[PDB]
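K.L.:
Okay, handing you the structure first.
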Amino acid sequence: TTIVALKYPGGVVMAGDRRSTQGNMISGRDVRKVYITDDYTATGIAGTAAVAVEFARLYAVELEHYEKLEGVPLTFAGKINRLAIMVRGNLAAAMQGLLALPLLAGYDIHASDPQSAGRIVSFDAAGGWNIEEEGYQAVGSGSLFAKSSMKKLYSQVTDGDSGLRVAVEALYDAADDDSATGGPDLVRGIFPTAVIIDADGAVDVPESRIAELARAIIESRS
Amino acid sequence: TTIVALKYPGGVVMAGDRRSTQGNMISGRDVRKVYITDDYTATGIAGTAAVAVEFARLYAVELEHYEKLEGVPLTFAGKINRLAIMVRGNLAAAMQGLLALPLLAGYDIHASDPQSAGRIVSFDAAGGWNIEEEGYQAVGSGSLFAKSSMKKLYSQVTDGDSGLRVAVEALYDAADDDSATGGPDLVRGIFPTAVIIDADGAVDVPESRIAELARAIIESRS
Amino acid sequence: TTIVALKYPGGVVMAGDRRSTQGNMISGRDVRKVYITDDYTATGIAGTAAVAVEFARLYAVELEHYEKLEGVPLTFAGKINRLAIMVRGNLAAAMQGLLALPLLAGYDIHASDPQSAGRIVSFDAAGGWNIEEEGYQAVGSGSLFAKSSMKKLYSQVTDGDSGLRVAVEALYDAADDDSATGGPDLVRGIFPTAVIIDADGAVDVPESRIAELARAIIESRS
Amino acid sequence: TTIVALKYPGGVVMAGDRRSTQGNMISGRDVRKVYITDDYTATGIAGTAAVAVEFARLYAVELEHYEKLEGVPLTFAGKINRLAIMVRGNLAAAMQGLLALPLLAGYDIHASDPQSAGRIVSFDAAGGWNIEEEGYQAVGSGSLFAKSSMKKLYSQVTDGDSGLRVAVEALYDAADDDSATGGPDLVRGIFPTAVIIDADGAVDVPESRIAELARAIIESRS
Amino acid sequence: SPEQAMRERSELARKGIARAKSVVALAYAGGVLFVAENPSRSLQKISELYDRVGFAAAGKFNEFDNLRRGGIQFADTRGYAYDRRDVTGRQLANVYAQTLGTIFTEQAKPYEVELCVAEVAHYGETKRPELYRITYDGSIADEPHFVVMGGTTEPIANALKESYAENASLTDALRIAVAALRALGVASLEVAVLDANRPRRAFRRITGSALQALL
Amino acid sequence: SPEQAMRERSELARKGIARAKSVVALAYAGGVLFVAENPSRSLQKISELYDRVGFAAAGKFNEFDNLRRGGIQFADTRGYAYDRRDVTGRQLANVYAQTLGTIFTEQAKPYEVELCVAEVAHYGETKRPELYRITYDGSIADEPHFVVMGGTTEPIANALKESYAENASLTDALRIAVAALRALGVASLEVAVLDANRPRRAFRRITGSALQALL
Amino acid sequence: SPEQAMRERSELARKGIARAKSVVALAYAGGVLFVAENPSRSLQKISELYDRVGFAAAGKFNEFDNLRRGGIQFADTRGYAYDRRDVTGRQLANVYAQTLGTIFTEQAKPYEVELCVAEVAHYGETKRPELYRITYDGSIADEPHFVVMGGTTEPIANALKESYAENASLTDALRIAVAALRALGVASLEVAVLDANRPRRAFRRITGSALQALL
Amino acid sequence: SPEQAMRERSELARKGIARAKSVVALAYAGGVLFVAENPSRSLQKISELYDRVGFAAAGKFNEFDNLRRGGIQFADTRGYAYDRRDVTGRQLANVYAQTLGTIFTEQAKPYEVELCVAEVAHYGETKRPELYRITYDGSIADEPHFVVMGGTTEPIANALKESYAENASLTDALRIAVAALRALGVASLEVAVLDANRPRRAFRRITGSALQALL
Ligand SMILES: CC(C)C[C@H](NC(=O)CNC(=O)c1cc(Cl)ccc1Cl)B(O)O
Ligand SMILES: CC(C)C[C@H](NC(=O)CNC(=O)c1cc(Cl)ccc1Cl)B(O)O
Ligand SMILES: CC(C)C[C@H](NC(=O)CNC(=O)c1cc(Cl)ccc1Cl)B(O)O
Ligand SMILES: CC(C)C[C@H](NC(=O)CNC(=O)c1cc(Cl)ccc1Cl)B(O)O
C-alpha cells in the first residue's frame, strides 16, 4: 500500500494504488483507497482495510453532522484536531494488530493568497500531526521509495498535469521496489486512482488520463 | 467445508457440501450449510457449526424484524452493513476457537439493468467486506482448489444450467483435493445442496438434477 | 532534543532546537519546541511530540480559564503547582513509552527587586519540581553537554545579547556531541528558536539575530 | 540522605543534610529536608523527594485544619496517629518505588515536668511507630554511622549548644562514611540545616553558628 | 379534573400559535418551496434535516430549535446505522409526533410550536413530494398540496386554495405564495427550496440579488 | 391554572427587573462599548467571555454571576474541543436562552436577570458587530444599534434613538451614552470596550485618570 | 402564589434576625475589630477563616456554625489546590451568598442568619481592609467603614456614623464601639482583632485582664 | 403558611414535654449528680457516653434511646480516629443540636425530647464541670449550676435556686435534689454520679442498700 500527495501552484493532488494482500497471497485487485471527505478535503488511510473504511465513513459523518448542526463548516485546524482525536482513540487497538494511518490533503479558502492554499497533513500512531512544508508526502509500506523518487522529480512540477505525472511516476517506482504495492495492469486494465483539489473543489480524475500517463511512463522506461 | 457462489446472466447460484468432521473423525454426513435468508438473499457460513446456525437464525430474525417494523425491506447495503456488524462483534470469540466466516449472494431489484443484478459479497475475520467483480467466489478450507477450478471452467457459463454444472464440478474438485470436504455418495445417495436466485426469487434446487449432474461428471472423469 | 534556559540581569532567555527523529531516521526539520504560555511565562517540553503539544495547549487553556474566572492571574507558586500536578498525572503513561518532561522560565512581577525576578524551574518524572539557583538549566537527551558548556561560558553573561550568544553556543555544543539534536542548517536556512522574557513581557527573538550569532560562532570554531 | 534528632535538657534538636542524587549523579546541592509543622513539632522525611514534600504539606494542612475546626490543637498521640495513618496509606506506593520514611520531634506542653518534655518518634514502612527512650535517633541511608557516632558522643550533651555540636559531628561522620550524604561545602558555603524546639517553640538555627561549628570540627579532625 | 387541565393547556398552545408569524410550504415541479416572514438574518425557521428532507417550524425559536437538533441527530445515527437511502421523512414525522405528545402530556408547560416535514424523490426518479404537518398535541397529518402554519391562516389558506396551480414554475409559485402571504421585499423574507434535480443534497437557500431578480 | 402561574411569575420577574439599575451597550467605529452605573469597585456587571465576546447583565448579582461562569466554561471547552476560531456569540446566546427558559419553567423562583452578548470581528477583517438580548423567559432577540436593560428604559431608549449616530468616535459615543443614561463622575461608573483593533483579546476596561480624561 | 410565600419567608427571617443580639465590625489603623455581646464562654460568634480572613455572624448558633465550617473547608481545599496567597475574602463571600440563596429558595425553612466577612492586607503591604455583608436571601454588599448586624441596628448605626473617626487607635475604637453598642464589662463581651502587623496569621482574641486594661 | 406549621409543631413538642416526668442534674464537689423519678428497673434515662461524659434525657423512651446510641457511636469513632483525650462534651452537644434541628425541620413529626450533656475534668486536674441543655428545636444552652427538664419545672427550679449551695457534699446535694423534686424511696428513683476522682471511667450508679443508706 502506498498513497502519495503533493502540491502544485493552484492546489493539491493525491494518488493511490489498488492492491490488497493477505500475507504473500493476493486478495484484491481493484481496491479504492482514496476518499473525498467534503468539498475541499481528501483523506487516504493505510493499514487494516476494515478500520480504514470505518474511519473514513465516521470522519465524513462527523464533518457533515457539525456542518448541519452549526450552519457553518469547520476550519482546517478543527478538522485536523478531530482527525487527531480519532487516531489517538485507536492506540489500544493499534497495538495487537488493528492499525490505521491517515494522510490528509486540503485547500484552504480562508487563506489570503490563493496560490499558497494547498495543505498536506501527516499523522503518527500516537495521534501527533505534522503540516508538511516541502511540498510532498507519502504513506504506506512503500513510502520511502516514493519519497526518494519525488525528491528528485519535484523540480518538474509546474501545474496539475505535471504533478499528476510525477505522482504516477512515484507510484510506479514504489510498486517497482515493493511487492505489496500494485503496479499498472495492462492485461486487465486497472490503474491507480487520483483526486485533484483546487479553488473549484475536489474532483476525481478520469481513468483515461491516468492510463495515458502510465503508458507513456512504461514506454519511457522500456 | 467448501461453499461456492457464482453469477450467470439472470442471477446467482450458490452450492455447498454436507460433511462435518471432528478432527480426523467423521461426525456428520448430511449437514445443510446453505440458508435462504429472505426472498432474494442467500447466506453460507463456514467454521464452527453452532456459531453458524446461531448467526443464520439471528440474521434472518433481524431482517424480518426490520421489514415488519418499517413496512419496507432493507436495501442491499444495509444488509451488508448488518452482516458486517454481526461478524465484527464476534472477533473476541473468533479468537480462542469460535470462528464463523460468511458468504452472501443476492439479487438487486432496484438495479437499472436486470441482467447485471446478481451480487456476491465476501467477508473477513475482522468484519471487512468486499463485493466481487470477477463472477465467482469460494469460502472454506477447500476454497483455493475450487477457485482454481472455476478460473478455468468459467468460460462455459451461459445460463443457470451451465453455472450449476460448473459449481458441482468445482465442489467435486475441492472434495478431490481436500479430505475435510465431502464428495458425492452413491452408496447412500447424498449430494451437495444448491440454491438459485433470479428475478422471481430464491429457489432450492431439487436433488434429482444434482444427482444427474454428479453422475455425468463422475462418468466423464472415469 | 535539547532545550536550554538561563538568567541575565533583567530577565530570562530560553532556546531550543528543531530536529525530530524516529529512531535513527530523521522525520522533522523545523519543529518548534518552545511556547509562550502567558505574558510572563515560557515552557519547553521534551519527549513524545504529541504528549508535549497536548500538555502545552492544556496548560495554556487552564491558565487562561483561571484568569478569566477569578479576574486576577495566578501567582508563580500556583502555576508551578498546576504544572507539577499535570506532570504527576501522567506517571502511568510516562511508563510504557509516553514520557514528557517540561522546563519552565518566568519573570516575577511581585518581587521586591526587579533585577532578581527571573525564575527557572525544572521537573522530574514523578512530579517533583526544583527552583534553580545557579543561573542555567538544560533538558533533553543532550542536556549534559549543554550544561557542561554553560558551566564554563556563564562568566561572560552581562545582558540579553550575551545570554543569547551563550545559549546558542550551548545548543551548538549539544548538537556537536549528540546525534538526536539538530544543528544550524546553512543549506536550508533553519536555526534554533529563542524567547526572551523581561519586565515588558515575553517576546520571540527574530531569526536574523540568531542566524548572525550562529554564523559568527561557526566562523570562530573554523 | 541522613536526618538526626536528639534530646537535651530543655528540648530537642533536629538536623539534616542538603544533597540530592539520581543514582550516582549529583542533582541537587541545597535541598532542605527539615520542616516546621507547627509551633512545637518538626518533621524530617527521607526517600523520594516529591512524596516527602507532598507528605509534609499535607500533614501541615491537616493539623491546621483540625486546629481551626475544633478551636483547640491536637494532643501528641493524635498527631502520631495521624502521621501513622498517612504512612500506612502509602504502603502500595511504598512498594514498586515510591517510599517515604518520616521522623518526628516535638515538645509536650502538657507534661508535668518541663525538663523531660522532648519526644522523638520513629516510623516503619508498614505504619508502626516507636517512641525513643535512649535520647537520639537517625533516619536515612547513613543512619547507622550517625547512630554509632552518637552512641559515643552522647555523654557530652549538657544544653542546646552541646547537642547541636554533637548533631553536626554525627552528620559529618555520616557524610564521611556514605557517598549519598552531602558534607560541608567550603568552596560554595553550604551547610546542614537545624531546628531547635524548646518551651518557647520551634526556631530555625542561623547558618553562621552551624558554619562556625563545622569549621571547628574540620579543624579538629585535621 | 383532567378535562379542565387539557382544555387550559390546549388554549395556551392555541394562543401561543396564534400570536406568531406565518410559514408557507408549497409543492411545485422542481420540488418543495418554503416561504417565511423573518426580518432577522441570524435566526432561521427553515432548515435541512437530511439529503432530501426539509424542516419548517412556527412558534417560539428556542422551542423548535431543540426539536430540529434532535431530528438531525436521529437522522445521522440512523443513516450510519443502516444506510443513507434507508432514511425517510415519515420516520422523522413519527418521532416528532411522539416527542410532542410526550411533552404535551408530561411537561408542566406545553410547547407552542407547529412543525412541517417535507420530502422529495431521489435523483433520477419520479415521485410526488410528501408533506407532513405536526401540531402541539402530537397529531400528525398528511397534506398533498400545501401547508400553512402560524398566525391567522384562514385568509392565506383561502387565497392559496383559490390560486393553487399544479406543476407550476418556480417564479410563478413564489409570486403566488407571496401574494397569498400578503393577504415584503428582500428584507423580512426567508425563501428555501428542495431541488429534486440536485445529485445528493437538495436543500438550498435563495437570498440576495437572486431573490430580488426572482421577485 | 397554568395561566395564573405564568402571569404571576412574569410579574415577579418584571418587578425584579424594574427595581434594578440600567446598563447600556452601544456600537461605535472601534467596536462595542458597555456603560453601567455601579458604585462598588469589587462587584462587576460587564465581563469578557472569550477573545471577541463580551457579556453584560442587569439584575441580581448572584443570579447572573453563575450564568457568566457557565458561559466561560462552555466557551473554553468548545475552544479546546475544535478550535479557538470556531466559537461565536450566537452559540453562547442560544445556550443562555435555553438555560433561562429551563429555569423559568422548572425552578420554583424565576431568575430576575437581563442578559446581553456582544461580538466583534476578528483582527484584520471588516464586519458589523452583533448584539443579542436575552430575557428572563428565554426569548432571544438581535439588536443592530444599541441595547438598554434594567430600570425604566423608555426615556433612555428615546434619548439614544434621537441621539444615535453611526460610525461615531469613542469620546462622542461615551458622552452620548452618559447623557442618555442621565436622563455620574469617576465614581459610580463602569466603562468597558471591545477593541476590534487588538490582535487577539479585545476586551479592556477604562477606569481611573483615563476615564476622567475621556469624560 | 409565589409572592405570598416569599413575603412570609422574608417576614420570618426578619423576625428571627430582629430577636437576636448585635455584632459590630469596625476598621481601624491596625486592621479590623469585632465586638459582640455574648455571655457564654464556650459558644463563639467571631471566628477565623484563613490567614487574613475573619468571619462574624448573627442569629441562630447552630445555623451559622455549619456555614463557618463549610467556609473553612473551602478555604483549606483552595489553598492546597493552588497556593495560600491565592485565597481572598471575595470568593468566600460569593460562596456564602450562593449557599444562602439556595437555602432561602429550596429549603422548607429559611436560615435566620446575617454574615460578615473581613479581609486585611498581607504582611509588609498597604491596603484598605475589605468588609462584606451577606443577608439571608443571598444579597451581598460591600461596606467601607463599619458593619452592624442583629437586633435593632438603627440607633447603633446612627451613633457609629456620628462618632466614627478614620485611622483611630485600638483603645479609642474599642471605646467608641462599646459606647455605640450600649446605646458591658469583662463578662458578656467578645472582642477579636485581625492584626495586620502579624507575620502570617492575623486573627487574635483579647480576653481576660488585657480586655479590662484596654476598657 | 410556614408560621402556622412551626407554631403547631412547637405546641405539639411543648405538650409532649409537659406530659412527662422530671430529671434533675446538679453539680457538687465530687462532680455531677443525676436524679430522675423512674419506677422501671429495665428502662433507664441516665447513661454514660464516654470516659468523662454523661447523658440525661426526658420524654419518649424510644425517641432518645436512638439519640443515645448515635452519641456513643460518634464518641467511639472519634476516640479511635485521633485519641481518647481529644473527645469533649461540646462536640457531642453540637452534634445533638444539629440532629434535633434537622429532625424538627424535615421529619413529619418532631421529637418530644429534652437532652442534657454533662462533662467533668480528667483525673488529677481541677476544672469546673460543664452542663449543656438541648431542646427539641435544636437550641443549645450552657448552664453553670443545675439543669431541670421535663414536666412542670418552675416550682422545682425555684426550690433549687433558693436551696442551691456550692461545693456541697454528696449526701447534702442528694437530699436537696430530692426535696426540690418532691415539691420517693428506693423504688421509683434513679441516681447516677460522675466521679471525678475515678482514674479512667467516672460514671457509676447508686442503687440498692447504698441508696437507702445515703437517703
Ligand atoms: C486499504 C488496505 C487494502 C490497505 C492495505 N492493507 C491490506 O491489504 C491488509 N490486508 C487486510 O487487511 C486483509 C484483507 C483481506 Cl481481503 C483479508 C485479510 C486481511 Cl488481514 B495496504 O497494503 O497497507
Ligand atoms: C457447518 C459446519 C459443519 C462447517 C464445518 N465445520 C465443522 O465440521 C467443525 N466441526 C464442529 O464444529 C464440530 C462438530 C461436531 Cl458434530 C462435534 C464437534 C465439533 Cl468441534 B467445515 O468443514 O468448515
Ligand atoms: C518535541 C519533540 C520533537 C521532542 C523530540 N522527540 C522526538 O522526536 C520523538 N519522536 C516522536 O515522538 C515521533 C515523531 C514522529 Cl514524526 C514519528 C514517530 C515518533 Cl515516535 B526530542 O528529541 O526529545
Ligand atoms: C529529600 C530527598 C532529596 C531525599 C534523598 N533522596 C533522593 O535524592 C532521591 N532522588 C530523587 O528522588 C530524585 C531527584 C531528582 Cl532531582 C531526580 C530524580 C530523582 Cl529519582 B535521600 O538521599 O534519601
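Within each chain, counting starts at residue 1; across the C-alpha cells, chains are named A, B, ... in the order shown, with ligands numbered 1 upward in that order.
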List all protein, DNA and RNA residues that have any atom at most 8 Å from ligand 1, counting only C-alpha atoms and all ligand atoms, and write the list as a ChimeraX atom specification.
P.N.:
/A:1-2,18-23,27-28,31-33,45-50,52-53,140-141,180-181 /B:123-126,128-130
K.L.:
Please produce a file of those selected residues containing C-alpha atoms, as a PDB file, in the first residue's frame.
P.N.:
ATOM      1  CA  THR A   1       0.000   0.000   0.000  1.00  0.00           C
ATOM      2  CA  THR A   2       1.296   3.440  -0.981  1.00  0.00           C
ATOM      3  CA  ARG A  18      -5.256  -0.775  -5.780  1.00  0.00           C
ATOM      4  CA  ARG A  19      -3.572  -3.920  -4.385  1.00  0.00           C
ATOM      5  CA  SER A  20      -4.801  -5.740  -1.277  1.00  0.00           C
ATOM      6  CA  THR A  21      -2.827  -8.678   0.119  1.00  0.00           C
ATOM      7  CA  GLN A  22      -3.179 -11.242   2.917  1.00  0.00           C
ATOM      8  CA  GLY A  23       0.407 -12.146   3.749  1.00  0.00           C
ATOM      9  CA  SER A  27      -6.626 -10.960  -2.262  1.00  0.00           C
ATOM     10  CA  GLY A  28      -7.840  -7.807  -4.022  1.00  0.00           C
ATOM     11  CA  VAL A  31      -9.477  -1.656  -4.074  1.00  0.00           C
ATOM     12  CA  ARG A  32     -10.093   2.090  -3.772  1.00  0.00           C
ATOM     13  CA  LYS A  33      -8.023   3.762  -1.046  1.00  0.00           C
ATOM     14  CA  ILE A  45      -5.716   5.648   5.038  1.00  0.00           C
ATOM     15  CA  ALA A  46      -3.245   2.753   5.071  1.00  0.00           C
ATOM     16  CA  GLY A  47      -3.319  -0.409   7.162  1.00  0.00           C
ATOM     17  CA  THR A  48      -6.187  -2.740   8.020  1.00  0.00           C
ATOM     18  CA  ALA A  49      -8.942  -2.324   5.438  1.00  0.00           C
ATOM     19  CA  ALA A  50     -11.951  -2.521   7.766  1.00  0.00           C
ATOM     20  CA  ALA A  52      -9.744   2.345   7.238  1.00  0.00           C
ATOM     21  CA  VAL A  53     -13.285   2.229   5.826  1.00  0.00           C
ATOM     22  CA  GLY A 140       2.333   3.161   3.429  1.00  0.00           C
ATOM     23  CA  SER A 141       4.909   0.394   3.262  1.00  0.00           C
ATOM     24  CA  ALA A 180       2.914  -5.236  -1.510  1.00  0.00           C
ATOM     25  CA  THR A 181       2.136  -2.369  -3.922  1.00  0.00           C
TER      26      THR A 181
ATOM     27  CA  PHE B 123     -16.186 -11.134   4.463  1.00  0.00           C
ATOM     28  CA  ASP B 124     -13.056 -11.356   6.606  1.00  0.00           C
ATOM     29  CA  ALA B 125     -12.495 -12.206  10.263  1.00  0.00           C
ATOM     30  CA  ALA B 126     -12.230  -8.530  11.281  1.00  0.00           C
ATOM     31  CA  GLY B 128     -14.324  -6.139   6.380  1.00  0.00           C
ATOM     32  CA  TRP B 129     -16.465  -6.895   3.340  1.00  0.00           C
ATOM     33  CA  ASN B 130     -15.718  -6.982  -0.383  1.00  0.00           C
TER      34      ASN B 130
END
K.L.:
Tell me, counting only C-alpha atoms, for each residue of chain G within 12 Å of chain F, which pair of atoms is nearest and how far apart they are in Å to one decimal, in rows ordered by chain and increasing number, as a Markdown table.
P.N.:
| residue | atom | partner | partner_atom | distance |
| --- | --- | --- | --- | --- |
| G:1 | CA | F:8 | CA | 7.3 |
| G:2 | CA | F:8 | CA | 7.4 |
| G:3 | CA | F:12 | CA | 7.6 |
| G:4 | CA | F:8 | CA | 11.0 |
| G:5 | CA | F:109 | CA | 10.6 |
| G:6 | CA | F:109 | CA | 9.3 |
| G:88 | CA | F:42 | CA | 11.9 |
| G:89 | CA | F:42 | CA | 11.1 |
| G:90 | CA | F:42 | CA | 8.2 |
| G:91 | CA | F:42 | CA | 11.1 |
| G:93 | CA | F:62 | CA | 10.6 |
| G:94 | CA | F:62 | CA | 7.5 |
| G:95 | CA | F:62 | CA | 9.5 |
| G:96 | CA | F:62 | CA | 10.3 |
| G:97 | CA | F:62 | CA | 7.0 |
| G:98 | CA | F:62 | CA | 6.5 |
| G:99 | CA | F:62 | CA | 10.2 |
| G:100 | CA | F:62 | CA | 10.4 |
| G:101 | CA | F:62 | CA | 8.3 |
| G:102 | CA | F:62 | CA | 10.5 |
| G:104 | CA | F:109 | CA | 10.6 |
| G:105 | CA | F:109 | CA | 7.2 |
| G:106 | CA | F:108 | CA | 7.9 |
| G:107 | CA | F:108 | CA | 11.2 |
| G:130 | CA | F:42 | CA | 9.7 |
| G:131 | CA | F:42 | CA | 11.0 |
| G:132 | CA | F:42 | CA | 10.2 |
| G:134 | CA | F:62 | CA | 11.3 |
| G:137 | CA | F:62 | CA | 10.5 |
| G:138 | CA | F:62 | CA | 7.4 |
| G:139 | CA | F:62 | CA | 7.5 |
| G:140 | CA | F:62 | CA | 8.1 |
| G:141 | CA | F:40 | CA | 8.6 |
| G:142 | CA | F:40 | CA | 7.2 |
| G:143 | CA | F:40 | CA | 9.4 |
| G:144 | CA | F:40 | CA | 10.0 |
K.L.:
Could you save the residues just selected, with N, CA, C and O atoms, as a short mmCIF file (atom, residue, chain, number, x, y, z; two decimals), in the first residue's frame?
P.N.:
data_model
loop_
_atom_site.label_atom_id
_atom_site.label_comp_id
_atom_site.auth_asym_id
_atom_site.auth_seq_id
_atom_site.Cartn_x
_atom_site.Cartn_y
_atom_site.Cartn_z
N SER G 1 -49.68 31.38 45.61
CA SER G 1 -48.97 32.45 44.91
C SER G 1 -47.54 32.58 45.42
O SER G 1 -47.31 32.58 46.63
N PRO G 2 -46.58 32.67 44.50
CA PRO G 2 -45.18 32.85 44.92
C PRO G 2 -44.95 34.10 45.75
O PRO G 2 -44.11 34.07 46.66
N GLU G 3 -45.67 35.18 45.46
CA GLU G 3 -45.47 36.43 46.20
C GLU G 3 -45.73 36.23 47.69
O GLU G 3 -44.94 36.68 48.53
N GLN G 4 -46.83 35.57 48.03
CA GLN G 4 -47.17 35.38 49.44
C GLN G 4 -46.14 34.50 50.14
O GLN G 4 -45.77 34.78 51.29
N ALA G 5 -45.66 33.46 49.47
CA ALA G 5 -44.65 32.59 50.06
C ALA G 5 -43.35 33.35 50.32
O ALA G 5 -42.76 33.25 51.40
N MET G 6 -42.89 34.13 49.32
CA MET G 6 -41.67 34.90 49.51
C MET G 6 -41.83 35.93 50.62
O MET G 6 -40.92 36.13 51.43
N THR G 88 -8.81 34.75 48.72
CA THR G 88 -9.29 36.08 49.07
C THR G 88 -10.68 35.98 49.68
O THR G 88 -11.35 34.95 49.58
N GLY G 89 -11.09 37.06 50.34
CA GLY G 89 -12.39 37.08 51.01
C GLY G 89 -13.57 37.22 50.07
O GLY G 89 -14.68 36.83 50.44
N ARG G 90 -13.35 37.76 48.87
CA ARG G 90 -14.44 37.92 47.92
C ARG G 90 -14.99 36.57 47.47
O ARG G 90 -16.21 36.41 47.32
N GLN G 91 -14.11 35.60 47.25
CA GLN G 91 -14.56 34.26 46.87
C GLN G 91 -15.39 33.63 47.98
O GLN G 91 -16.43 33.01 47.71
N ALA G 93 -17.12 35.25 50.26
CA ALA G 93 -18.39 35.98 50.29
C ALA G 93 -19.33 35.50 49.18
O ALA G 93 -20.53 35.34 49.41
N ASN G 94 -18.79 35.28 47.98
CA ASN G 94 -19.62 34.78 46.88
C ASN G 94 -20.16 33.39 47.18
O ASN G 94 -21.33 33.10 46.90
N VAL G 95 -19.32 32.52 47.75
CA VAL G 95 -19.78 31.17 48.09
C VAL G 95 -20.88 31.24 49.14
O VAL G 95 -21.89 30.53 49.05
N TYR G 96 -20.71 32.10 50.15
CA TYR G 96 -21.73 32.25 51.18
C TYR G 96 -23.03 32.78 50.59
O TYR G 96 -24.11 32.33 50.97
N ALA G 97 -22.93 33.75 49.68
CA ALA G 97 -24.13 34.29 49.05
C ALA G 97 -24.87 33.23 48.25
O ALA G 97 -26.10 33.12 48.33
N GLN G 98 -24.14 32.42 47.48
CA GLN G 98 -24.77 31.35 46.71
C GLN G 98 -25.44 30.33 47.63
O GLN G 98 -26.58 29.92 47.38
N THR G 99 -24.75 29.92 48.69
CA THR G 99 -25.32 28.95 49.62
C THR G 99 -26.58 29.49 50.29
O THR G 99 -27.59 28.79 50.41
N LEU G 100 -26.54 30.75 50.74
CA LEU G 100 -27.69 31.34 51.41
C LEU G 100 -28.86 31.50 50.45
O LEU G 100 -30.01 31.27 50.84
N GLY G 101 -28.59 31.90 49.21
CA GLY G 101 -29.67 31.98 48.23
C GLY G 101 -30.31 30.64 47.95
O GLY G 101 -31.53 30.52 47.88
N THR G 102 -29.48 29.60 47.80
CA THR G 102 -30.02 28.26 47.57
C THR G 102 -30.85 27.78 48.75
O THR G 102 -31.92 27.18 48.57
N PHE G 104 -32.44 29.72 50.97
CA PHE G 104 -33.66 30.52 51.02
C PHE G 104 -34.65 30.10 49.94
O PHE G 104 -35.87 30.21 50.15
N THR G 105 -34.16 29.61 48.81
CA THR G 105 -35.05 29.25 47.71
C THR G 105 -35.64 27.85 47.89
O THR G 105 -36.86 27.67 47.77
N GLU G 106 -34.81 26.87 48.21
CA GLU G 106 -35.22 25.47 48.17
C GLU G 106 -35.65 24.91 49.53
O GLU G 106 -36.62 24.16 49.60
N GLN G 107 -34.94 25.25 50.60
CA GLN G 107 -35.22 24.64 51.90
C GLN G 107 -36.59 25.06 52.42
O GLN G 107 -37.11 26.13 52.09
N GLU G 130 -11.20 45.16 53.65
CA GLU G 130 -12.46 44.95 52.94
C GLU G 130 -13.47 44.26 53.84
O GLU G 130 -13.13 43.29 54.53
N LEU G 131 -14.70 44.76 53.84
CA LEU G 131 -15.79 44.21 54.63
C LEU G 131 -16.98 43.92 53.73
O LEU G 131 -17.44 44.80 53.00
N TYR G 132 -17.47 42.68 53.79
CA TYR G 132 -18.62 42.25 53.00
C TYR G 132 -19.72 41.77 53.93
O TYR G 132 -19.46 41.03 54.89
N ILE G 134 -23.51 39.81 54.10
CA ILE G 134 -24.38 38.88 53.41
C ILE G 134 -25.64 38.67 54.24
O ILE G 134 -25.55 38.44 55.45
N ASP G 137 -31.34 36.25 52.26
CA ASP G 137 -31.83 35.95 50.92
C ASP G 137 -30.71 35.75 49.91
O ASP G 137 -30.98 35.30 48.79
N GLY G 138 -29.47 36.06 50.27
CA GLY G 138 -28.34 35.91 49.37
C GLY G 138 -27.75 37.21 48.86
O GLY G 138 -26.78 37.16 48.09
N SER G 139 -28.30 38.35 49.25
CA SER G 139 -27.74 39.63 48.82
C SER G 139 -26.38 39.86 49.46
O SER G 139 -26.18 39.57 50.64
N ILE G 140 -25.45 40.39 48.68
CA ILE G 140 -24.09 40.66 49.12
C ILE G 140 -23.78 42.13 48.88
O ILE G 140 -24.05 42.65 47.79
N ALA G 141 -23.23 42.79 49.89
CA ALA G 141 -22.89 44.21 49.80
C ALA G 141 -21.50 44.44 50.36
O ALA G 141 -20.99 43.66 51.17
N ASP G 142 -20.88 45.53 49.91
CA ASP G 142 -19.55 45.93 50.36
C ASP G 142 -19.67 47.20 51.19
O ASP G 142 -20.28 48.18 50.76
N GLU G 143 -19.09 47.17 52.39
CA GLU G 143 -19.15 48.27 53.34
C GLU G 143 -17.75 48.82 53.58
O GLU G 143 -16.84 48.05 53.93
N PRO G 144 -17.53 50.12 53.40
CA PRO G 144 -16.17 50.67 53.51
C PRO G 144 -15.74 50.99 54.93
O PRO G 144 -14.54 51.06 55.21
#
K.L.:
Quote the spacing between CA of residue 60 in chain D and CA of residue 37 in chain D in Å to one decimal place.
P.N.:
5.3 Å
K.L.:
For residue 13 in chain H, please output as a list in words all residues within 7 Å (counting only C-alpha atoms; exclusion window: fewer than 6 positions along the same chain).
P.N.:
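In the requested form, the answer reads residues 110, 111 and 112 of chain H.
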K.L.:
Taking only C-alpha atoms into account, report as a ChimeraX atom specification which residues of chain A lie within 8 Å of chain E.
P.N.:
/A:61,65,68-69
K.L.:
Grab the residues selected above and save them as an mmCIF file, in the first residue's frame with N, CA and C atoms.
P.N.:
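Written out: result_37.cif:
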data_model
loop_
_atom_site.group_PDB
_atom_site.id
_atom_site.type_symbol
_atom_site.label_atom_id
_atom_site.label_comp_id
_atom_site.auth_asym_id
_atom_site.auth_seq_id
_atom_site.Cartn_x
_atom_site.Cartn_y
_atom_site.Cartn_z
ATOM 1 N N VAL A 61 -19.157 11.427 8.285
ATOM 2 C CA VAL A 61 -20.404 11.660 9.010
ATOM 3 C C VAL A 61 -20.224 12.751 10.058
ATOM 4 N N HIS A 65 -22.249 16.208 10.108
ATOM 5 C CA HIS A 65 -23.084 16.475 11.272
ATOM 6 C C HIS A 65 -22.790 17.849 11.853
ATOM 7 N N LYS A 68 -24.177 20.566 9.479
ATOM 8 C CA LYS A 68 -25.627 20.711 9.559
ATOM 9 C C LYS A 68 -26.055 21.336 10.882
ATOM 10 N N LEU A 69 -25.381 20.985 11.980
ATOM 11 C CA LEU A 69 -25.781 21.498 13.287
ATOM 12 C C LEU A 69 -25.501 22.991 13.413
#
K.L.:
Near residue 177 in chain D, within 12 Å and counting only C-alpha atoms, which residues show up once chain neighbours fewer than 2 positions away are dropped, as a short mmCIF file (atom, residue, chain, number, x, y, z; two decimals) with C-alpha atoms, in the first residue's frame?
P.N.:
data_model
loop_
_atom_site.label_atom_id
_atom_site.label_comp_id
_atom_site.auth_asym_id
_atom_site.auth_seq_id
_atom_site.Cartn_x
_atom_site.Cartn_y
_atom_site.Cartn_z
CA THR D 1 20.25 11.37 52.96
CA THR D 2 20.63 11.47 56.75
CA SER D 141 20.82 5.64 54.25
CA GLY D 142 23.64 6.83 56.52
CA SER D 143 21.70 6.42 59.76
CA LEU D 144 23.85 3.55 61.08
CA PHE D 145 27.07 5.58 61.08
CA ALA D 146 25.35 8.58 62.69
CA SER D 148 27.17 4.73 66.11
CA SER D 149 28.79 8.17 66.39
CA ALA D 170 27.20 12.93 63.60
CA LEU D 171 26.19 14.36 60.23
CA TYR D 172 29.87 14.84 59.37
CA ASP D 173 30.64 11.21 60.22
CA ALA D 174 27.65 10.01 58.17
CA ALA D 175 28.85 12.05 55.18
CA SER D 179 28.57 8.88 49.43
CA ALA D 180 24.85 9.71 49.18
CA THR D 181 25.15 12.22 52.05
CA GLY D 182 26.45 15.74 51.47
CA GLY D 183 29.21 17.10 53.65
#
